[PDB]
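Right, one structure below, let's go through it.
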Number of protein chains: 2
Amino acid sequence: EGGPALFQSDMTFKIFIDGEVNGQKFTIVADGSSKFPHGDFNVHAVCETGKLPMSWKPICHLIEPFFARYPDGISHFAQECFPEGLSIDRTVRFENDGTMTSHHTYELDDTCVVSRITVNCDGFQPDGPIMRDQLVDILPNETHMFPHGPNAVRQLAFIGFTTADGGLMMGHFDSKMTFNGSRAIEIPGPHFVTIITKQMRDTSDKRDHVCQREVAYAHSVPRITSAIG
Amino acid sequence: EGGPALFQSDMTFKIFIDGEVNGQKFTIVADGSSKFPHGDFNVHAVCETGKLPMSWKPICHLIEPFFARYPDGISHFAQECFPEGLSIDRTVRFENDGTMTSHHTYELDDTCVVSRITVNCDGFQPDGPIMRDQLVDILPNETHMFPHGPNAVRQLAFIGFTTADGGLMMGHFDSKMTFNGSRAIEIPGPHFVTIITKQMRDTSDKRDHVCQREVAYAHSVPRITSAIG
């Protein structure tokens with residue numbers, strides 16, 4: 001159909017991540033489900049190459065924007081991109097550390113959104129908290145969504161990770177979501193997506209197994225009018 | 001510890017800004033009021049050097065974090081800083097344009113806060129919308145507040161400005177607020193301060209000026225407990 005019509009039911013998803021950090025190759029496969037009206041969903045991820053050679057925390061954003069809950073007043077761009085699908089190009093630059101560059105494509109097969117991601121994690125510090133797995137949690141944040149020409153939206157974020165030492169590791173997140181079709185698509189005005197994440201290490205024998213939950217919902221913050229009260 | 005106790009009063013403020021943009025000096029003086037419970041106040045800002053050489057819009061954040069409204073449950077660092085006061089060092093880097101670097105000092109004189117700001121605006125594009133006065137509005141945004149060691153807090157923000165042709169100019173805002181005293185000050189956990197800003201002209205002031213209203217309030221996004229439920 002077109003857009004949200006296709007998300008009025010319970011859905012699933014599958015993710016394949018092709019990655020490398022500092023030259024070390026890794027593979028992640030994940031799946032989960034999201035039940036209408038969405039905005040609170042879980043993912044079960046497995047490192048198919050064994051032990052993840054970095055913290056799982058910075059993986060959080062790689063392992064579903066179309067499953068955020070949107071208000072009626074804001075066009076849900078990520079949902080509207082279907083059936084043609086969407087691409088995502090993203091950088092997260094960590095202060096005093098490496099930068100993750102990812103390229104994502106999303107496709108809908110029935111009620112399953114399949115994602116294929118390539119990711120390059122370059123110039124990470126071997127003795128920093130990312131490579132030494134010293135990130136403890138993932139801070140809640142208020143991502144910013146901006147129109148980005150006639151066929152895309154830009155998502156800007158500050159993704160902080162608290163460290164064992166009690167400090168913060170800050171990533172500067174810059175993501176472009178692009179519509180893959182030729183038909184005219186509505187581009188939402190500026191808005192926000194609150195994102196709350198919790199990751200859990202699961203029973204794992206030879207492969208890392210991590211569960212992650214995310215609550216994600218949009219809001220806006222509208223203008224003021226009178227400028228003397 | 002005390003401090004937020006002082007702000008239970010109605011208060012006034014005065015701002016002196018010593019600036020330059022592309023080797024052109026300017027001077028701005030501003031004043032206004034804010035009444036408890038704060039969070040919604042006006043400033044009258046005047047260019048004392050004739051005509052301001054750049055858009056007034058990117059001056060919006062130079063022309064009072066202690067007048068944000070905080071709820072019970074989030075420590076108001078900017079208020080916790082008094083009576084000793086605080087300083088700010090801030091960078092706003094505009095995409096494809098210049099960088100504003102500012103040093104602020106805030107001192108309490110009974111119920112007046114006096115701020116002194118020096119700002120260097122360098123590498124701004126003479127044919128860009130900042131130098132050409134082609135910014136039309138300031139986008140409301142969700143600024144992110146983080147602890148920064150034991151005597152400071154960091155405010156990160158994406159401040160967008162609409163241009164006259166319908167585009168967007170994005171500034172990347174990074175501001176460190178530092179306590180100017182020796183005692184142990186309570187440092188808040190990560191949170192947000194929503195900032196909504198609007199500039200207008202007073203018809204009866206013939207000087208180059210703006211009147212600016214700002215609504216600012218803190219809020220927190222509660223973390224989730226289970227990565228499943």
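We name chains A, B, ... following the order of the structure tokens; residues begin at 1 in each chain, and ligands are numbered from 1 as shown.
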Within 6 Å of residue B:211, counting only C-alpha atoms, which residues qualify if same-chain residues fewer than 6 places away don't, as a JSON list (two decimals) with N, CA and C atoms, in the first residue's frame?
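As a result, result.json now contains:
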[["chain", "number", "residue", "atom", "x", "y", "z"],
["B", 43, "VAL", "N", 14.07, 39.68, 27.10],
["B", 43, "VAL", "CA", 15.27, 40.51, 27.15],
["B", 43, "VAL", "C", 15.15, 41.58, 26.07],
["B", 44, "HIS", "N", 15.63, 42.79, 26.39],
["B", 44, "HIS", "CA", 15.74, 43.83, 25.41],
["B", 44, "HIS", "C", 17.22, 44.02, 25.13],
["B", 199, "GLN", "N", 12.38, 36.27, 18.45],
["B", 199, "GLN", "CA", 12.79, 37.68, 18.41],
["B", 199, "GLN", "C", 11.73, 38.59, 17.73],
["B", 200, "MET", "N", 11.57, 39.81, 18.26],
["B", 200, "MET", "CA", 10.77, 40.88, 17.60],
["B", 200, "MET", "C", 11.36, 42.29, 17.79],
["B", 201, "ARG", "N", 10.90, 43.23, 16.96],
["B", 201, "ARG", "CA", 11.23, 44.65, 17.10],
["B", 201, "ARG", "C", 10.19, 45.34, 17.93]]
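Taking only stretch 12-146 of chain A, the residues that DSSP calls alpha helix (DSSP H) from the backbone come to residues 77, 78, 79 and 80 of chain A.
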Tell me the residues of chain B close to chain A, meaning within 8 Å using only C-alpha atoms, as a PyMOL selection string. chain B and resi 42+139-142+144+148-149+156+158+190+196-200+211-213+221-228
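Atom pair atom CA of residue B:49 / atom CA of residue B:28 has a distance of 7.7 Å (rounded to one decimal).
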For stretch 64-76 of chain B, please output as a PyMOL selection string all residues within 10 Å (counting only C-alpha atoms; exclusion window: fewer than 3 positions along the same chain). chain B and resi 3-4+7+11+13+15+33-41+61+79-82+106+113-115+177+186-195+214-220
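Across A:178, A:22, A:27, A:12, the tightest approach to residue A:99 is made by A:22 when counting only C-alpha atoms.
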DSSP on the backbone: which residues in chain B end up as strand (DSSP E or B)? Give the answer as an NGL selection string. :B and (11-21 or 24-34 or 40-47 or 69 or 86-94 or 99-109 or 112-122 or 135-138 or 141-148 or 150 or 152-163 or 168-179 or 191-200 or 209-219)
Keeping C-alpha atoms, export the residues of the selection given above as a compact mmCIF listing (two decimals), in the first residue's frame.
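Result saved to result36.txt:
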# COMPACT_ATOMS: atom_id res chain seq x y z
CA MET B 11 15.02 39.04 39.58
CA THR B 12 16.57 41.28 36.96
CA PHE B 13 19.58 40.91 34.67
CA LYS B 14 22.03 42.93 32.69
CA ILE B 15 24.31 41.67 29.91
CA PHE B 16 27.34 43.32 28.35
CA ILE B 17 28.60 41.70 25.15
CA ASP B 18 32.01 42.68 23.64
CA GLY B 19 32.19 40.98 20.21
CA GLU B 20 33.77 40.79 16.81
CA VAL B 21 32.76 39.20 13.56
CA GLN B 24 34.54 43.96 12.82
CA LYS B 25 33.90 44.87 16.50
CA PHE B 26 30.38 45.22 17.90
CA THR B 27 28.91 45.96 21.33
CA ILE B 28 25.59 44.75 22.69
CA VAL B 29 24.00 45.71 26.03
CA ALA B 30 20.81 43.93 27.19
CA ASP B 31 18.60 43.80 30.26
CA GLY B 32 15.35 42.41 31.51
CA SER B 33 13.33 40.72 34.22
CA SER B 34 12.41 37.19 35.24
CA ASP B 40 9.61 32.32 30.49
CA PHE B 41 11.26 35.73 30.26
CA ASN B 42 12.09 38.59 27.94
CA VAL B 43 15.27 40.51 27.15
CA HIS B 44 15.74 43.83 25.41
CA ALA B 45 19.04 43.83 23.56
CA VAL B 46 20.64 46.84 21.92
CA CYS B 47 23.54 47.16 19.50
CA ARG B 69 12.50 26.44 35.18
CA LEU B 86 29.64 30.63 37.28
CA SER B 87 31.45 31.11 33.98
CA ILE B 88 30.59 29.71 30.57
CA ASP B 89 32.80 28.79 27.67
CA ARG B 90 30.83 28.08 24.57
CA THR B 91 31.32 27.19 20.93
CA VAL B 92 28.58 27.34 18.32
CA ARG B 93 29.89 25.99 15.01
CA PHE B 94 27.65 26.77 12.04
CA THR B 99 32.24 29.66 14.55
CA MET B 100 31.19 31.70 17.53
CA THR B 101 33.40 31.33 20.58
CA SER B 102 32.26 33.04 23.82
CA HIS B 103 33.42 33.41 27.40
CA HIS B 104 30.71 34.43 29.88
CA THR B 105 30.88 35.50 33.49
CA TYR B 106 27.90 35.81 35.81
CA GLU B 107 27.88 37.67 39.11
CA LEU B 108 24.98 38.16 41.52
CA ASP B 109 24.40 41.72 42.85
CA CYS B 112 20.41 41.34 39.61
CA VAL B 113 22.56 38.97 37.67
CA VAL B 114 25.21 40.75 35.70
CA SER B 115 26.73 38.89 32.77
CA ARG B 116 29.82 39.89 30.83
CA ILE B 117 30.43 38.14 27.54
CA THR B 118 33.21 38.35 24.99
CA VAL B 119 32.58 36.61 21.68
CA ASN B 120 34.73 35.98 18.67
CA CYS B 121 32.83 35.17 15.49
CA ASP B 122 35.30 33.95 13.01
CA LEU B 135 17.71 33.98 8.92
CA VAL B 136 14.00 34.09 9.65
CA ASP B 137 13.46 32.05 12.77
CA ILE B 138 15.11 30.03 15.50
CA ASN B 141 15.07 22.48 20.47
CA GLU B 142 15.80 19.94 23.15
CA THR B 143 19.18 20.89 24.64
CA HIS B 144 21.01 18.05 26.43
CA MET B 145 22.58 18.62 29.84
CA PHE B 146 25.39 16.36 31.05
CA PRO B 147 27.60 16.16 34.09
CA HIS B 148 31.14 17.31 33.25
CA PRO B 150 32.84 17.63 39.66
CA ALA B 152 30.80 21.77 35.70
CA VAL B 153 27.93 20.80 33.45
CA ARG B 154 27.91 20.59 29.67
CA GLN B 155 25.00 21.77 27.48
CA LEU B 156 24.96 20.36 23.94
CA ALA B 157 22.39 21.47 21.38
CA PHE B 158 21.48 21.57 17.67
CA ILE B 159 20.21 25.05 16.98
CA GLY B 160 18.62 25.36 13.57
CA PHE B 161 17.71 28.60 11.88
CA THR B 162 15.38 28.79 9.00
CA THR B 163 16.59 30.77 6.03
CA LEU B 168 18.14 25.40 7.27
CA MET B 169 21.36 26.63 8.86
CA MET B 170 22.45 24.34 11.67
CA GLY B 171 24.62 25.43 14.52
CA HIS B 172 26.35 22.87 16.74
CA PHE B 173 26.29 24.24 20.28
CA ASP B 174 28.65 23.07 23.02
CA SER B 175 28.68 25.04 26.25
CA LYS B 176 30.54 24.27 29.51
CA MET B 177 29.16 25.82 32.68
CA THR B 178 31.71 25.95 35.52
CA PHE B 179 31.15 26.66 39.21
CA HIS B 191 18.66 15.70 31.52
CA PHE B 192 17.20 18.18 28.99
CA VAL B 193 16.27 21.78 28.78
CA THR B 194 13.70 22.63 26.13
CA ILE B 195 14.37 26.12 24.67
CA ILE B 196 11.90 28.03 22.63
CA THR B 197 13.00 31.43 21.40
CA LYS B 198 11.39 34.27 19.43
CA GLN B 199 12.79 37.68 18.41
CA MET B 200 10.77 40.88 17.60
CA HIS B 209 17.77 46.13 18.89
CA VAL B 210 15.73 43.00 19.46
CA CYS B 211 13.17 42.12 22.04
CA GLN B 212 13.50 38.37 22.68
CA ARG B 213 11.29 35.95 24.59
CA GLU B 214 12.54 32.62 25.79
CA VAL B 215 10.67 29.72 27.28
CA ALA B 216 13.12 27.30 28.93
CA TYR B 217 12.39 24.30 31.13
CA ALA B 218 14.15 21.19 32.32
CA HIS B 219 12.76 17.70 32.02
Go ahead and compute the interatomic distance for atom CA of residue A:184 and atom CA of residue A:85, in Å to one decimal. 13.6 Å
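One distance worth recording is that between atom CA of residue A:126 and atom CA of residue A:58, which is 14.9 Å.
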